[PDB]
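Just structure_35.cif here, mmCIF, C-alpha atoms and all ligand atoms:
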```cif
data_start
#
loop_
_atom_site.label_atom_id
_atom_site.label_comp_id
_atom_site.auth_asym_id
_atom_site.auth_seq_id
_atom_site.Cartn_x
_atom_site.Cartn_y
_atom_site.Cartn_z
CA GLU A 1 -64.86 40.95 -231.44
CA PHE A 2 -67.91 43.19 -231.72
CA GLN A 3 -67.42 43.31 -235.49
CA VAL A 4 -67.31 39.52 -235.79
CA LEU A 5 -70.26 39.06 -233.43
CA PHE A 6 -72.09 41.66 -235.50
CA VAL A 7 -71.36 39.88 -238.78
CA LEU A 8 -72.20 36.49 -237.27
CA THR A 9 -75.52 37.78 -235.90
CA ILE A 10 -76.39 39.20 -239.33
CA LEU A 11 -75.75 35.89 -241.11
CA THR A 12 -77.89 33.97 -238.63
CA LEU A 13 -80.74 36.46 -239.12
CA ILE A 14 -80.38 36.32 -242.91
CA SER A 15 -80.75 32.50 -242.77
CA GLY A 16 -83.90 32.79 -240.68
CA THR A 17 -85.31 35.45 -242.98
CA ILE A 18 -84.77 33.24 -246.01
CA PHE A 19 -86.13 30.16 -244.25
CA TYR A 20 -89.35 31.61 -242.90
CA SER A 21 -90.20 33.57 -246.04
CA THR A 22 -89.74 30.46 -248.16
CA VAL A 23 -91.08 27.59 -246.04
CA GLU A 24 -93.61 29.49 -243.93
CA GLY A 25 -94.53 32.00 -246.64
CA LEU A 26 -93.87 35.11 -244.60
CA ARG A 27 -93.08 38.48 -246.16
CA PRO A 28 -89.31 39.02 -245.67
CA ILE A 29 -89.75 41.72 -243.02
CA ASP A 30 -92.08 39.41 -241.08
CA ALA A 31 -89.58 36.56 -241.43
CA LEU A 32 -86.79 38.81 -240.12
CA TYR A 33 -89.03 40.02 -237.30
CA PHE A 34 -89.91 36.44 -236.33
CA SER A 35 -86.24 35.44 -236.42
CA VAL A 36 -85.28 38.32 -234.14
CA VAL A 37 -87.95 37.91 -231.48
CA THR A 38 -87.36 34.16 -231.48
CA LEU A 39 -83.59 34.32 -230.96
CA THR A 40 -83.87 37.05 -228.34
CA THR A 41 -86.62 34.95 -226.59
CA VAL A 42 -89.14 37.81 -226.80
CA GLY A 43 -91.33 35.56 -228.94
CA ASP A 44 -94.29 36.47 -231.11
CA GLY A 45 -97.81 36.24 -229.76
CA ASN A 46 -99.42 35.92 -233.15
CA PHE A 47 -97.29 33.63 -235.33
CA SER A 48 -95.89 30.13 -234.72
CA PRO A 49 -94.53 27.95 -237.56
CA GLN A 50 -97.34 26.06 -239.20
CA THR A 51 -95.30 23.41 -240.98
CA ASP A 52 -93.43 20.53 -239.41
CA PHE A 53 -90.28 21.58 -241.28
CA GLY A 54 -90.76 25.04 -239.74
CA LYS A 55 -91.15 23.63 -236.24
CA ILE A 56 -88.04 21.46 -236.53
CA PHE A 57 -86.00 24.26 -238.04
CA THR A 58 -87.16 26.65 -235.27
CA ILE A 59 -86.08 24.19 -232.57
CA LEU A 60 -82.61 23.86 -234.08
CA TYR A 61 -82.40 27.60 -234.87
CA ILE A 62 -83.10 28.47 -231.23
CA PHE A 63 -80.46 26.17 -229.80
CA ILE A 64 -77.79 27.33 -232.22
CA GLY A 65 -78.67 31.01 -232.43
CA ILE A 66 -79.55 32.06 -228.90
CA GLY A 67 -76.01 31.90 -227.53
CA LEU A 68 -74.60 34.00 -230.37
CA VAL A 69 -77.34 36.61 -230.30
CA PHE A 70 -76.92 37.15 -226.57
CA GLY A 71 -73.15 37.26 -226.84
CA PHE A 72 -73.62 40.08 -229.35
CA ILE A 73 -76.07 41.87 -227.09
CA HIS A 74 -73.64 41.24 -224.21
CA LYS A 75 -70.80 43.00 -226.04
CA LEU A 76 -72.94 45.66 -227.72
CA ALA A 77 -73.75 46.87 -224.20
CA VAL A 78 -70.48 46.20 -222.38
CA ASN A 79 -68.07 47.31 -225.11
CA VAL A 80 -70.12 49.90 -227.03
CA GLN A 81 -72.78 51.47 -224.82
CA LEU A 82 -71.20 51.27 -221.38
CA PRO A 83 -68.13 53.44 -222.15
CA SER A 84 -70.11 55.78 -224.40
CA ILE A 85 -72.08 56.26 -221.17
CA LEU A 86 -69.30 55.62 -218.65
CA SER A 87 -66.87 58.03 -220.30
CA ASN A 88 -69.82 60.41 -220.53
CA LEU A 89 -70.25 60.26 -216.75
CA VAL A 90 -66.89 62.00 -216.35
CA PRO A 91 -67.60 65.63 -215.33
CA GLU B 1 -69.51 18.07 -220.03
CA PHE B 2 -71.13 19.02 -223.33
CA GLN B 3 -72.01 15.37 -223.90
CA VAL B 4 -73.71 15.05 -220.50
CA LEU B 5 -75.50 18.38 -220.87
CA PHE B 6 -76.60 17.21 -224.31
CA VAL B 7 -77.94 13.91 -223.00
CA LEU B 8 -79.60 15.63 -220.03
CA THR B 9 -81.28 18.21 -222.29
CA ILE B 10 -82.58 15.40 -224.52
CA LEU B 11 -84.15 13.52 -221.61
CA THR B 12 -85.88 16.64 -220.32
CA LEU B 13 -87.30 17.32 -223.79
CA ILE B 14 -88.42 13.70 -224.18
CA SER B 15 -90.36 13.97 -220.88
CA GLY B 16 -92.08 17.14 -222.05
CA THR B 17 -92.89 15.59 -225.41
CA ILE B 18 -94.50 12.59 -223.75
CA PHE B 19 -96.35 14.75 -221.22
CA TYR B 20 -97.88 17.26 -223.59
CA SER B 21 -98.83 14.72 -226.24
CA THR B 22 -100.58 12.59 -223.64
CA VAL B 23 -102.20 15.06 -221.23
CA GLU B 24 -102.69 18.01 -223.60
CA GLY B 25 -103.31 15.89 -226.70
CA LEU B 26 -100.67 17.50 -228.86
CA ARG B 27 -99.08 15.76 -231.84
CA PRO B 28 -95.56 14.71 -230.71
CA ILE B 29 -93.79 17.32 -232.84
CA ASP B 30 -96.03 20.02 -231.38
CA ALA B 31 -95.36 18.71 -227.86
CA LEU B 32 -91.60 18.81 -228.53
CA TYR B 33 -91.91 22.29 -230.02
CA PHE B 34 -93.87 23.52 -227.00
CA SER B 35 -91.32 21.98 -224.63
CA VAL B 36 -88.45 23.69 -226.42
CA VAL B 37 -89.88 27.20 -226.67
CA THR B 38 -91.05 26.96 -223.07
CA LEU B 39 -87.69 25.94 -221.59
CA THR B 40 -85.78 28.46 -223.69
CA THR B 41 -88.36 31.16 -222.62
CA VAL B 42 -89.24 31.96 -226.23
CA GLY B 43 -92.80 30.86 -225.48
CA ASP B 44 -95.61 30.05 -227.88
CA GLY B 45 -98.13 32.68 -228.86
CA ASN B 46 -100.80 30.21 -229.82
CA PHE B 47 -100.83 27.37 -227.28
CA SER B 48 -101.01 27.36 -223.47
CA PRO B 49 -101.86 24.22 -221.47
CA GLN B 50 -105.59 23.83 -221.20
CA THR B 51 -105.72 21.38 -218.31
CA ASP B 52 -104.90 22.08 -214.69
CA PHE B 53 -102.50 19.11 -214.69
CA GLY B 54 -100.82 20.72 -217.71
CA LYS B 55 -100.52 24.08 -215.99
CA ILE B 56 -99.01 22.59 -212.83
CA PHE B 57 -96.64 20.39 -214.79
CA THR B 58 -95.56 23.39 -216.91
CA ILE B 59 -94.79 25.44 -213.79
CA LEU B 60 -92.62 22.68 -212.35
CA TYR B 61 -91.07 21.88 -215.76
CA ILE B 62 -89.97 25.50 -216.19
CA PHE B 63 -88.30 25.76 -212.80
CA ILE B 64 -86.45 22.48 -213.19
CA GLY B 65 -85.62 22.63 -216.89
CA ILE B 66 -84.63 26.23 -217.56
CA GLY B 67 -81.30 26.07 -215.74
CA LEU B 68 -80.22 22.92 -217.55
CA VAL B 69 -81.29 24.06 -221.00
CA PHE B 70 -79.39 27.33 -220.66
CA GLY B 71 -76.33 25.58 -219.27
CA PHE B 72 -76.36 23.46 -222.43
CA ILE B 73 -76.78 26.52 -224.63
CA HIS B 74 -74.04 28.19 -222.58
CA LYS B 75 -71.57 25.38 -223.33
CA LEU B 76 -72.76 24.69 -226.88
CA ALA B 77 -71.64 28.24 -227.67
CA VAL B 78 -68.60 28.62 -225.42
CA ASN B 79 -67.09 25.16 -225.93
CA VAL B 80 -68.32 24.21 -229.41
CA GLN B 81 -69.03 27.29 -231.51
CA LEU B 82 -66.59 29.82 -230.09
CA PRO B 83 -63.38 27.90 -230.93
CA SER B 84 -64.78 26.62 -234.22
CA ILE B 85 -65.04 30.37 -234.89
CA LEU B 86 -62.13 31.58 -232.74
CA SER B 87 -59.66 29.10 -234.21
CA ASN B 88 -61.12 30.07 -237.58
CA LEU B 89 -60.19 33.70 -236.95
CA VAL B 90 -56.51 32.74 -237.08
CA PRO B 91 -55.13 33.96 -240.45
CA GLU C 1 -79.39 30.38 -199.38
CA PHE C 2 -81.47 27.99 -201.47
CA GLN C 3 -84.01 27.81 -198.65
CA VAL C 4 -84.34 31.61 -198.46
CA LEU C 5 -84.48 31.98 -202.24
CA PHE C 6 -87.13 29.26 -202.24
CA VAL C 7 -89.22 31.00 -199.59
CA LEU C 8 -88.77 34.37 -201.28
CA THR C 9 -89.82 32.97 -204.67
CA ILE C 10 -92.93 31.44 -203.08
CA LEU C 11 -94.02 34.74 -201.51
CA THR C 12 -93.60 36.61 -204.78
CA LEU C 13 -95.71 33.98 -206.58
CA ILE C 14 -98.37 34.07 -203.85
CA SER C 15 -98.67 37.86 -204.30
CA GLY C 16 -99.10 37.48 -208.05
CA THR C 17 -101.65 34.71 -207.58
CA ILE C 18 -103.71 36.88 -205.25
CA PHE C 19 -103.38 39.93 -207.49
CA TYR C 20 -104.37 38.37 -210.78
CA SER C 21 -107.22 36.31 -209.35
CA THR C 22 -108.68 39.39 -207.69
CA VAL C 23 -108.07 42.24 -210.14
CA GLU C 24 -108.01 40.27 -213.40
CA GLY C 25 -110.56 37.67 -212.29
CA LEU C 26 -108.44 34.63 -213.05
CA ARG C 27 -108.96 31.27 -211.36
CA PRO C 28 -106.12 30.91 -208.81
CA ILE C 29 -104.27 28.25 -210.80
CA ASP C 30 -104.40 30.49 -213.87
CA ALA C 31 -103.18 33.44 -211.81
CA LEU C 32 -100.28 31.34 -210.49
CA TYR C 33 -99.53 30.10 -214.00
CA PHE C 34 -99.52 33.65 -215.37
CA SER C 35 -97.26 34.81 -212.53
CA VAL C 36 -94.77 32.03 -213.22
CA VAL C 37 -94.49 32.37 -216.99
CA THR C 38 -94.28 36.14 -216.62
CA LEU C 39 -91.44 36.17 -214.08
CA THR C 40 -89.50 33.48 -215.94
CA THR C 41 -90.05 35.49 -219.21
CA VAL C 42 -91.71 32.52 -220.93
CA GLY C 43 -94.86 34.62 -221.26
CA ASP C 44 -98.38 33.53 -222.09
CA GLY C 45 -99.64 33.64 -225.64
CA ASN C 46 -103.28 33.81 -224.68
CA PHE C 47 -103.66 36.15 -221.69
CA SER C 48 -102.45 39.72 -221.09
CA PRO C 49 -103.82 41.90 -218.26
CA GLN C 50 -106.98 43.63 -219.37
CA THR C 51 -107.14 46.33 -216.72
CA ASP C 52 -104.86 49.32 -216.38
CA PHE C 53 -104.19 48.37 -212.75
CA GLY C 54 -103.18 44.93 -214.04
CA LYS C 55 -100.83 46.40 -216.63
CA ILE C 56 -99.13 48.69 -214.13
CA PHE C 57 -98.84 45.95 -211.53
CA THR C 58 -97.38 43.58 -214.16
CA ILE C 59 -94.73 46.14 -215.14
CA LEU C 60 -93.65 46.59 -211.53
CA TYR C 61 -93.94 42.85 -210.78
CA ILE C 62 -91.59 42.02 -213.66
CA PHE C 63 -88.89 44.47 -212.62
CA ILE C 64 -88.96 43.38 -209.00
CA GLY C 65 -89.52 39.66 -209.45
CA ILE C 66 -87.35 38.65 -212.39
CA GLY C 67 -84.03 38.99 -210.59
CA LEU C 68 -85.19 36.90 -207.63
CA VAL C 69 -86.79 34.17 -209.70
CA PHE C 70 -83.65 33.72 -211.80
CA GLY C 71 -81.41 33.78 -208.75
CA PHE C 72 -83.50 30.89 -207.41
CA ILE C 73 -83.28 29.04 -210.72
CA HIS C 74 -79.56 29.84 -210.75
CA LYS C 75 -79.03 28.17 -207.36
CA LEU C 76 -81.57 25.38 -207.84
CA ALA C 77 -79.36 24.21 -210.71
CA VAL C 78 -75.89 25.07 -209.43
CA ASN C 79 -76.36 24.01 -205.80
CA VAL C 80 -79.03 21.29 -206.05
CA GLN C 81 -79.00 19.65 -209.48
CA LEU C 82 -75.37 19.99 -210.51
CA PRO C 83 -73.87 17.95 -207.63
CA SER C 84 -76.76 15.48 -207.63
CA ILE C 85 -75.55 14.97 -211.22
CA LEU C 86 -71.86 15.79 -210.75
CA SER C 87 -71.44 13.46 -207.78
CA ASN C 88 -73.42 10.95 -209.83
CA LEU C 89 -70.83 11.15 -212.61
CA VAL C 90 -68.26 9.57 -210.27
CA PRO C 91 -67.79 5.93 -211.40
CA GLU D 1 -74.74 53.26 -210.79
CA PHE D 2 -78.25 52.16 -209.87
CA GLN D 3 -79.42 55.76 -210.24
CA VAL D 4 -77.95 56.07 -213.74
CA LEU D 5 -79.24 52.66 -214.80
CA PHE D 6 -82.62 53.70 -213.43
CA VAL D 7 -82.64 56.97 -215.37
CA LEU D 8 -81.38 55.24 -218.52
CA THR D 9 -84.06 52.54 -218.28
CA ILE D 10 -86.73 55.24 -217.89
CA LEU D 11 -85.62 57.11 -221.01
CA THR D 12 -85.61 53.94 -223.10
CA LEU D 13 -89.15 53.13 -221.91
CA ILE D 14 -90.33 56.69 -222.58
CA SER D 15 -89.06 56.40 -226.19
CA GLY D 16 -90.92 53.13 -226.68
CA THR D 17 -94.07 54.57 -225.15
CA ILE D 18 -93.98 57.53 -227.51
CA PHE D 19 -93.16 55.34 -230.51
CA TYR D 20 -95.84 52.72 -230.09
CA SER D 21 -98.59 55.15 -229.15
CA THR D 22 -97.84 57.26 -232.22
CA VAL D 23 -96.95 54.76 -234.96
CA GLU D 24 -98.93 51.75 -233.74
CA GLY D 25 -101.78 53.78 -232.23
CA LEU D 26 -101.65 52.24 -228.79
CA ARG D 27 -102.96 53.99 -225.69
CA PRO D 28 -99.88 55.22 -223.76
CA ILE D 29 -100.23 52.65 -220.98
CA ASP D 30 -100.45 49.88 -223.58
CA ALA D 31 -97.40 51.29 -225.37
CA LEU D 32 -95.47 51.35 -222.08
CA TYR D 33 -96.65 47.83 -221.27
CA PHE D 34 -95.56 46.57 -224.70
CA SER D 35 -92.18 48.28 -224.33
CA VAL D 36 -91.60 46.66 -220.94
CA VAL D 37 -92.56 43.08 -221.80
CA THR D 38 -90.59 43.34 -225.03
CA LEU D 39 -87.34 44.55 -223.46
CA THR D 40 -87.59 42.07 -220.59
CA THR D 41 -88.31 39.28 -223.19
CA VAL D 42 -91.60 38.36 -221.50
CA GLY D 43 -93.39 39.32 -224.72
CA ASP D 44 -97.06 39.95 -225.32
CA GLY D 45 -99.32 37.19 -226.54
CA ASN D 46 -101.89 39.52 -228.01
CA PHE D 47 -100.11 42.41 -229.73
CA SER D 48 -97.32 42.49 -232.34
CA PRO D 49 -96.49 45.63 -234.35
CA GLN D 50 -98.72 45.86 -237.38
CA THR D 51 -96.71 48.36 -239.40
CA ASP D 52 -93.40 47.77 -241.10
CA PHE D 53 -91.97 50.84 -239.34
CA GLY D 54 -93.12 49.25 -236.07
CA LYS D 55 -91.46 45.94 -236.89
CA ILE D 56 -88.15 47.57 -237.82
CA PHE D 57 -88.20 49.83 -234.79
CA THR D 58 -88.98 46.83 -232.53
CA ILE D 59 -86.02 44.89 -233.93
CA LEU D 60 -83.64 47.77 -233.26
CA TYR D 61 -85.27 48.57 -229.89
CA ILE D 62 -84.72 45.00 -228.70
CA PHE D 63 -81.05 44.88 -229.62
CA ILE D 64 -80.30 48.24 -228.03
CA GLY D 65 -82.57 48.04 -225.00
CA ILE D 66 -82.27 44.48 -223.73
CA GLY D 67 -78.74 44.82 -222.38
CA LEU D 68 -79.57 47.98 -220.45
CA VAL D 69 -82.83 46.72 -219.01
CA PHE D 70 -81.19 43.55 -217.71
CA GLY D 71 -78.24 45.46 -216.32
CA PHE D 72 -80.76 47.51 -214.34
CA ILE D 73 -82.57 44.40 -213.17
CA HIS D 74 -79.16 42.89 -212.38
CA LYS D 75 -78.25 45.79 -210.07
CA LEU D 76 -81.75 46.35 -208.68
CA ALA D 77 -81.47 42.84 -207.24
CA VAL D 78 -77.77 42.64 -206.38
CA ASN D 79 -77.34 46.16 -204.98
CA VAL D 80 -80.83 46.98 -203.68
CA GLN D 81 -82.75 43.82 -202.79
CA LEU D 82 -79.97 41.44 -201.81
CA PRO D 83 -78.62 43.48 -198.86
CA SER D 84 -82.09 44.63 -197.81
CA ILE D 85 -82.60 40.86 -197.50
CA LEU D 86 -79.03 39.83 -196.66
CA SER D 87 -78.66 42.38 -193.88
CA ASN D 88 -82.12 41.28 -192.78
CA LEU D 89 -80.89 37.71 -192.40
CA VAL D 90 -78.64 38.83 -189.54
CA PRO D 91 -80.26 37.61 -186.28
CA CA A 101 -101.63 34.86 -229.05
CS CS A 102 -90.99 35.15 -224.13
NA NA A 103 -86.50 35.27 -222.05
NA NA A 104 -93.20 35.09 -225.15
#
```
Could the structure of this file be written out as structure tokens, please?
Amino acid sequence: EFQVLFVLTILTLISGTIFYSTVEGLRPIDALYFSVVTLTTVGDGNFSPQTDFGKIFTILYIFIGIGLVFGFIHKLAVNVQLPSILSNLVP
Amino acid sequence: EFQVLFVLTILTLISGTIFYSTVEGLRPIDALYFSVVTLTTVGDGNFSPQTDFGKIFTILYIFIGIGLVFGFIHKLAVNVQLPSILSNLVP
Amino acid sequence: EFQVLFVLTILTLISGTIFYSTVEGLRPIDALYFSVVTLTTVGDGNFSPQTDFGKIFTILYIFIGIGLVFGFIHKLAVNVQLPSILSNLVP
Amino acid sequence: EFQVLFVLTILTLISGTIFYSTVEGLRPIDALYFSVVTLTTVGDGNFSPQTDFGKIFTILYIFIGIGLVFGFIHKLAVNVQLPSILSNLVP
């Protein structure tokens, strides 16, 4: 579950990294950063896609990627950080 | 369910597209982009409504549209991407 | 329930409106707009508090106000828009 | 529960405050502010990490910290503000 959500999140972020570095001309790390803050809804206060292709892609990317990213965050905390903390609350 | 949430999400986005292109003078694609990142809470780091009508509309648009948009995202992932992935996890 | 969440959301937004217009010097509508996009997590890409008092207040405002605002959105959609749409799905 | 989530949220914010003030050169209050709006997904419309170390750290910080911060907000409202309001609804 967590492994598949992890793999799935990685693939979605790789696609965004390739898209923004190619179409929007961002350095790969900046494309990855933009993909991450976009799908987590944090957003970036400096950059917004400048091309129409970039705007359309971003719209579709958000709708398809938000659910998955939050599912991963949802499990990464409930099935990986909770116990590591819950079990660690046992005297 | 997914079909109605899909239709309902589309109508909400069409209203925002018409509103921002008319009152805030945005090109339609930019108005659609702003509507999408606003209702998904991603936000835009470059544009904020410049008119008071735009600010009031945005406030009301957020309260009314956020629930619907996330319900759609909630189903688009649970009832359309999960199985397509879950059923695909079957050896 | 919806009435109390509505009243409670209004009071929280009035406090933010008074705070930002006084301490950060924003016009009331801009202070209300900032309060709304902050508590809904949309954010504003143009304005961030400029004073240390404003930054501290914003931090506390977010932690205390986010839960309430989303509870209101949660009910405004589940107990006020769903049926109005659900009951309207009945042939 | 609320006490542990409170302590855990504080430690996560202290780490971000130390990181951004050191690597990104922000004044401590600005580093704390950035950490808070980032983990709550509000975002900041003015500042984005300028260094690659800062961008990578922010990506990891978001994935690890978002779940915890929202769990805290989730309990701070359900187990600390609801009753204080619910019990106060009793004539
Ligand atoms: Ca900006
Ligand atoms: Cs945001
Ligand atoms: Na958000
Ligand atoms: Na934002």
Original post:
In Å to one decimal, how far is atom CA of residue 77 of chain A from atom CA of residue 1 of chain A?
Top reply: 12.9 Å
**OP:** Kindly compile the residues surrounding ligand CS 102 (chain A) within 6 Å, counting only C-alpha atoms and all ligand atoms, and format them as a VMD selection string.
**Re:** (chain A and resid 41 to 43) or (chain B and resid 41 to 43) or (chain C and resid 41 to 43) or (chain D and resid 41 to 43)
The centre and edge lengths of an axis-aligned box containing all atoms of segment 7-19 of chain C present in the file, extended by 6 Å on each side, are to be given in Å to one decimal, as lines of an AutoDock Vina configuration file.
```
center_x = -96.2
center_y = 35.5
center_z = -203.8
size_x = 26.9
size_y = 20.9
size_z = 20.5
```
**OP:** Pick out the closest residue to ligand NA 103 (chain A) from this set: A:46, A:79, A:40, A:51. Count only C-alpha atoms and all ligand atoms.
**Re:** A:40
Subject >> Given only C-alpha atoms as the counted atoms, nearest of B:28, B:91, B:54, B:67 to chain A >> reply: B:28
Could I get the residues of chain D with an atom no further than 9 Å from an atom of ligand CA 101 (chain A), each paired with its nearest atom pair and that distance in Å to one decimal, using all atoms listed in the file, sorted by chain and residue number, as a Markdown table?
```
| residue | atom | partner | partner_atom | distance |
| --- | --- | --- | --- | --- |
| D:44 | CA | A:CA101 | CA | 7.8 |
| D:45 | CA | A:CA101 | CA | 4.1 |
| D:46 | CA | A:CA101 | CA | 4.8 |
| D:47 | CA | A:CA101 | CA | 7.7 |
```
Resulting file, chosen residues, C-alpha atoms, as a PDB file, in the coordinates of the input:
```pdb
ATOM      1  CA  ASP D  44     -97.060  39.950-225.320  1.00  0.00           C
ATOM      2  CA  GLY D  45     -99.320  37.190-226.540  1.00  0.00           C
ATOM      3  CA  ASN D  46    -101.890  39.520-228.010  1.00  0.00           C
ATOM      4  CA  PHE D  47    -100.110  42.410-229.730  1.00  0.00           C
TER       5      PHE D  47
END
```
Subject >> chain A contacts on chain B, only C-alpha atoms, 12 Å, as JSON, numbers by chain >> reply: {"B": [6, 9, 13, 27, 28, 29, 30, 31, 32, 33, 34, 35, 36, 37, 38, 39, 40, 41, 42, 43, 44, 45, 46, 47, 48, 69, 70, 71, 72, 73, 74, 75, 76, 77, 78, 79, 80, 81, 82, 85, 86, 88, 89]}
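For the pair atom CA of residue 57 of chain C and atom CA of residue 24 of chain C, the interatomic distance is 10.9 Å.
Straight-line separation from atom CA of residue 16 of chain C to atom CA of residue 53 of chain C: 12.9 Å.
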